[PDB]
Structures are given as structure tokens and as C-alpha cells.
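A.B. asks: Here it is, the structure, as C-alpha cells.
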Amino acid sequence: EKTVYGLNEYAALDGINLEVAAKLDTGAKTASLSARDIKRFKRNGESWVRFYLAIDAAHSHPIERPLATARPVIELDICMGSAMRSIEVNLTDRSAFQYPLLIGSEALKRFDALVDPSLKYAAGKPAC
Amino acid sequence: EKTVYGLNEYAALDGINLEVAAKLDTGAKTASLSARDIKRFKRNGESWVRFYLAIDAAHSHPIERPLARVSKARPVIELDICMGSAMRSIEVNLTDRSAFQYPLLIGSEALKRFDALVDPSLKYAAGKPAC
């Protein structure tokens, strides 16, 4: 398949039931997620990370993931429109990043995406 | 008129027989052109700029263009850029970036002017400039 998306879309981090506004950035290779209170730990010998979305001020959706300018990288099932893809994401502790999720060129390739710069939120709400 | 291009394409500045590597960047709004020896001057009272492409080290293709504005520092001009078979008047900031990086960075506004769809799985899909 090959789906057309816009400069910005709504994405859902599957499993955490959270809708984030995503900026589709073909100039960046890797994807980025704005996070807060990033804590690295070990679980049964495997490197893991625990964090909240930068938007989750109430700390309602703690996210614990095994580990997949030097940010930890994890794999997240992200839903955009009707397309669900496992995406590699760098957890950044910055917050000046306006868009909570930055989707780079590699993730966009995983999404089979064509970016129309004249469109915004063309996929509607996530419905995977 | 929605044409599909890739992450990188070859672009030509109309009139100039030079291959420029363009990175199609939907994350940036404005377009950028890597330039060298940028000299601002005045012609008939209007601000003009004379410069060479960063690849043109020998100063073989001097470029004189009227200044459109000044960004927030960098000189801004309008250039007829050719990509594949599409010729578009594009606003570009003249930057002194390293010749290492991509000489032409095509932002979202220019991609909109090109009626472009960016396929991140493709590279140089438009072939050589032939406008």
C-alpha cells in the first residue's frame, strides 16, 4: 500500500491509548517523542526505560519499554489513520519541540507514506 | 498536478547548467540554497545580490538576482528552480553552509509550489532536470 498523509497528523501510541499530534518530517531520519521523567533501569538483565509523554502532566500513563545528543530508543506501535506500524522512536527530554511526536523519514517509509505538504491531518483520527 | 518526488532529487537553477543535490524536507517551511561569496549590492536603488553556488568553486556561473527580502540575517531571493520537468519560482534563503551538507534544501512551502508528494522510500525519482 501507499497512503497520503500531511505535514501534521493525529497518531496514537497503541497500548497507552493516547492521541498525540505528529509532525511528519522527511528531513529527519529518526523519529522523536517528547518525554518527561525518563528513568533507565534493568529488568531480568535487559535495559528498560520508564517515561511519561511530555503532555502527560498528571502522570496518568506511565510507559515502560525495553530499550531497542544520545537518546534512548524504543519500539512503539503507532497508529496513523488506519495504518498501524512498529516504529523506532528516540525519547527526548526536551519540550520546546512543539509537536509531541516527530515522525522522520525512516518511520514514514515504514508507514508506506507519501507526504503532501499542502495537507494537514488528512488521515483524520487514528482508527486502527 | 500532484507529482511524486523522493527524499533527494537533482535540481537546476534555470539558466545555469549545474546539478544541485536537493533534500526534500517537509519539516522545514522555508527553502535554503548553499551559496559562496555572497555580495549584496544596489541596482537602480533596489537591493540585489550576486553569489555563486557552493558547488561552483571556480566561479564559473555568477548569479545576480534582485533581493526579495532579508530573513531573520540571511538574504532571500526568488529563483526559477527546475526539478524533473517542473519549473517553479521558489523563495530561497542564501546560506553559507558547508559544501558537505545538501546545497539545496527544499522546504514545505516550495514543495507546495511544486505540487509535490514526498516519498521517503524514493531517491532521485525525477531524474535529471529537463525543463
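Identifiers for the C-alpha cells are assigned positionally: chains receive A, B, ... in sequence, residues are indexed from 1 per chain, and ligands are indexed from 1 in the order shown.
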Between chain A and chain B, at 10 Å or less, what are the per-residue closest atom pairs and their distances in Å? Count only C-alpha atoms, order by chain and rising residue number, and return it as CSV.
C.D. replies:
residue,atom,partner,partner_atom,distance
A:2,CA,B:119,CA,9.2
A:4,CA,B:117,CA,8.2
A:5,CA,B:117,CA,9.4
A:6,CA,B:26,CA,9.3
A:7,CA,B:26,CA,6.7
A:8,CA,B:27,CA,9.6
A:23,CA,B:27,CA,7.4
A:24,CA,B:27,CA,6.7
A:25,CA,B:27,CA,4.2
A:26,CA,B:25,CA,5.1
A:27,CA,B:25,CA,4.2
A:28,CA,B:27,CA,7.8
A:29,CA,B:120,CA,9.4
A:102,CA,B:27,CA,9.2
A:103,CA,B:27,CA,9.6
A:104,CA,B:27,CA,8.9
A:105,CA,B:120,CA,5.4
A:106,CA,B:120,CA,7.3
A:107,CA,B:120,CA,9.0
A:108,CA,B:120,CA,6.4
A:109,CA,B:121,CA,5.5
A:110,CA,B:121,CA,8.9
A:111,CA,B:120,CA,9.8
A:112,CA,B:121,CA,8.0
A:113,CA,B:119,CA,6.6
A:114,CA,B:119,CA,4.8
A:115,CA,B:118,CA,4.9
A:116,CA,B:117,CA,4.8
A:117,CA,B:108,CA,5.4
A:118,CA,B:112,CA,5.6
A:119,CA,B:112,CA,9.3
A.B. asks: Name all residues at most 8 Å from residue 83 of chain B (count only C-alpha atoms; drop same-chain ones fewer than 2 positions away) and give them as a ChimeraX atom specification.
C.D. replies: /B:9-12,81,85-87,126,128-131
A.B. asks: Mind writing the picked residues with C-alpha atoms as a JSON list (two decimals), in the first residue's frame?
C.D. replies:
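Output contents, as saved in part_23.json:
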[["chain", "number", "residue", "atom", "x", "y", "z"],
["B", 9, "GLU", "CA", 16.33, 14.96, -6.13],
["B", 10, "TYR", "CA", 18.50, 16.79, -8.64],
["B", 11, "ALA", "CA", 17.54, 20.42, -9.23],
["B", 12, "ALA", "CA", 18.76, 23.05, -11.68],
["B", 81, "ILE", "CA", 14.16, 26.05, -9.89],
["B", 85, "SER", "CA", 10.14, 18.57, -15.72],
["B", 86, "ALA", "CA", 8.62, 21.07, -13.26],
["B", 87, "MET", "CA", 9.83, 24.69, -13.23],
["B", 126, "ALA", "CA", 12.53, 12.78, -11.00],
["B", 128, "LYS", "CA", 17.84, 14.88, -14.33],
["B", 129, "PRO", "CA", 16.32, 18.37, -14.63],
["B", 130, "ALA", "CA", 14.77, 18.77, -18.07],
["B", 131, "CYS", "CA", 12.60, 21.90, -18.07]]
A.B. asks: Name all residues at most 9 Å from segment 30-43 of chain A (count only C-alpha atoms; drop same-chain ones fewer than 3 positions away) and give them as a PyMOL selection string.
C.D. replies: chain A and resi 25+46-57+66-67+72-73+87-97+99-107
A.B. asks: Dump N, CA and C atoms for the selected residues as a short mmCIF file (atom, residue, chain, number, x, y, z; two decimals), in the first residue's frame?
C.D. replies:
data_model
loop_
_atom_site.label_atom_id
_atom_site.label_comp_id
_atom_site.auth_asym_id
_atom_site.auth_seq_id
_atom_site.Cartn_x
_atom_site.Cartn_y
_atom_site.Cartn_z
N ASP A 25 8.17 14.71 9.21
CA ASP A 25 9.39 15.45 8.87
C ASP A 25 10.28 14.55 8.02
N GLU A 46 17.78 -7.03 31.03
CA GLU A 46 17.55 -6.24 29.83
C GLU A 46 17.41 -4.77 30.20
N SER A 47 18.02 -3.91 29.38
CA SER A 47 17.88 -2.47 29.58
C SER A 47 16.45 -2.04 29.25
N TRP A 48 15.82 -1.35 30.19
CA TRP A 48 14.47 -0.84 30.03
C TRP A 48 14.45 0.65 30.34
N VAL A 49 13.36 1.30 29.97
CA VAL A 49 13.16 2.72 30.21
C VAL A 49 11.71 2.95 30.63
N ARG A 50 11.52 3.88 31.55
CA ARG A 50 10.22 4.30 32.04
C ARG A 50 10.10 5.80 31.87
N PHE A 51 8.99 6.25 31.29
CA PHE A 51 8.85 7.67 30.99
C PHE A 51 7.37 8.00 30.85
N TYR A 52 7.08 9.29 30.82
CA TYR A 52 5.76 9.80 30.51
C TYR A 52 5.86 10.68 29.27
N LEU A 53 4.76 10.80 28.54
CA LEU A 53 4.70 11.79 27.48
C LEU A 53 4.83 13.18 28.07
N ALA A 54 5.42 14.10 27.30
CA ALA A 54 5.55 15.46 27.80
C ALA A 54 4.20 16.09 28.08
N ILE A 55 3.16 15.66 27.35
CA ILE A 55 1.82 16.18 27.56
C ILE A 55 1.17 15.60 28.81
N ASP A 56 1.59 14.41 29.25
CA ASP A 56 1.00 13.74 30.41
C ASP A 56 1.52 14.41 31.68
N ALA A 57 0.94 15.58 31.98
CA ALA A 57 1.33 16.32 33.17
C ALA A 57 0.87 15.63 34.44
N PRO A 66 11.24 -1.94 26.87
CA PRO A 66 12.63 -2.36 26.71
C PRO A 66 13.35 -1.46 25.72
N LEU A 67 14.63 -1.23 25.98
CA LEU A 67 15.44 -0.43 25.06
C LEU A 67 15.68 -1.19 23.76
N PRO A 72 17.74 7.42 24.43
CA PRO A 72 17.36 6.00 24.36
C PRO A 72 16.29 5.78 23.31
N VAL A 73 16.37 4.64 22.64
CA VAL A 73 15.48 4.30 21.54
C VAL A 73 14.63 3.10 21.92
N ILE A 87 7.34 1.37 15.17
CA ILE A 87 8.21 2.49 14.83
C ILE A 87 9.29 2.62 15.90
N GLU A 88 10.52 2.85 15.46
CA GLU A 88 11.61 3.15 16.37
C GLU A 88 11.61 4.63 16.70
N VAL A 89 11.65 4.95 17.99
CA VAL A 89 11.48 6.30 18.48
C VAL A 89 12.57 6.60 19.50
N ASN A 90 13.17 7.79 19.39
CA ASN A 90 14.09 8.30 20.39
C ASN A 90 13.32 9.11 21.42
N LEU A 91 13.57 8.84 22.69
CA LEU A 91 12.94 9.57 23.78
C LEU A 91 13.78 10.81 24.10
N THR A 92 13.22 12.00 23.91
CA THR A 92 13.95 13.23 24.18
C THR A 92 13.36 13.93 25.39
N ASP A 93 14.22 14.51 26.22
CA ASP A 93 13.78 15.21 27.41
C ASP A 93 13.50 16.68 27.15
N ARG A 94 13.70 17.14 25.92
CA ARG A 94 13.32 18.49 25.57
C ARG A 94 11.80 18.61 25.54
N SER A 95 11.33 19.85 25.60
CA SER A 95 9.91 20.12 25.46
C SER A 95 9.61 21.29 24.54
N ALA A 96 10.61 22.08 24.14
CA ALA A 96 10.40 23.12 23.14
C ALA A 96 9.94 22.54 21.81
N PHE A 97 10.09 21.24 21.60
CA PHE A 97 9.53 20.59 20.43
C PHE A 97 8.01 20.73 20.49
N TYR A 99 5.58 19.72 18.49
CA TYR A 99 4.80 18.51 18.25
C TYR A 99 5.33 17.37 19.11
N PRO A 100 4.46 16.71 19.89
CA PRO A 100 4.92 15.65 20.80
C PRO A 100 5.61 14.50 20.10
N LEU A 101 5.19 14.17 18.88
CA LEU A 101 5.77 13.08 18.11
C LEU A 101 6.33 13.65 16.81
N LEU A 102 7.61 13.42 16.57
CA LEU A 102 8.26 13.77 15.31
C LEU A 102 8.49 12.49 14.53
N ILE A 103 7.88 12.39 13.35
CA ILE A 103 7.96 11.19 12.52
C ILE A 103 8.95 11.46 11.39
N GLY A 104 10.10 10.80 11.44
CA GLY A 104 11.15 11.00 10.47
C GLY A 104 10.94 10.19 9.21
N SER A 105 11.95 10.23 8.34
CA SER A 105 11.84 9.60 7.03
C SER A 105 11.78 8.08 7.14
N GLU A 106 12.53 7.49 8.08
CA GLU A 106 12.53 6.04 8.21
C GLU A 106 11.17 5.52 8.68
N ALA A 107 10.57 6.18 9.68
CA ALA A 107 9.24 5.78 10.11
C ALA A 107 8.22 5.98 9.00
#
A.B. asks: I'd like the neighbourhood of residue 13 of chain A as JSON, numbers by chain, where a residue qualifies if any of its atoms comes within 6 Å (using only C-alpha atoms), though same-chain residues fewer than 2 positions away should be ignored.
C.D. replies: {"A": [16, 18, 78]}
A.B. asks: Check the DSSP output for the backbone and give back, as an MDAnalysis selection string, the residues of segment 3-114 of chain A in strand (DSSP E).
C.D. replies: chainID A and resid 3:6 8:13 18:24 31:43 46:53 63:66 73:80 83:92 101:103 113:114
A.B. asks: Could you give me the residues within segment 55-125 of chain B that DSSP places in alpha helix (DSSP H), as number ranges by chain?
C.D. replies: B: 108-113
A.B. asks: Restricting it to N, CA and C atoms, dump the selection as an mmCIF file, in the first residue's frame.
C.D. replies:
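Writing the result to result.cif gives the following:
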data_model
loop_
_atom_site.group_PDB
_atom_site.id
_atom_site.type_symbol
_atom_site.label_atom_id
_atom_site.label_comp_id
_atom_site.auth_asym_id
_atom_site.auth_seq_id
_atom_site.Cartn_x
_atom_site.Cartn_y
_atom_site.Cartn_z
ATOM 1 N N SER B 108 8.694 22.981 2.976
ATOM 2 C CA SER B 108 7.307 22.611 2.711
ATOM 3 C C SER B 108 6.628 23.600 1.771
ATOM 4 N N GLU B 109 6.926 24.896 1.904
ATOM 5 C CA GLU B 109 6.305 25.886 1.028
ATOM 6 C C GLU B 109 6.714 25.672 -0.425
ATOM 7 N N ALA B 110 8.001 25.417 -0.667
ATOM 8 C CA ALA B 110 8.455 25.164 -2.031
ATOM 9 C C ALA B 110 7.884 23.859 -2.571
ATOM 10 N N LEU B 111 7.812 22.825 -1.729
ATOM 11 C CA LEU B 111 7.202 21.568 -2.152
ATOM 12 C C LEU B 111 5.733 21.764 -2.508
ATOM 13 N N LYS B 112 5.045 22.650 -1.782
ATOM 14 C CA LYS B 112 3.675 23.005 -2.133
ATOM 15 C C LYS B 112 3.625 23.719 -3.476
ATOM 16 N N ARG B 113 4.568 24.634 -3.717
ATOM 17 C CA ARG B 113 4.626 25.290 -5.018
ATOM 18 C C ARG B 113 4.892 24.287 -6.134
#
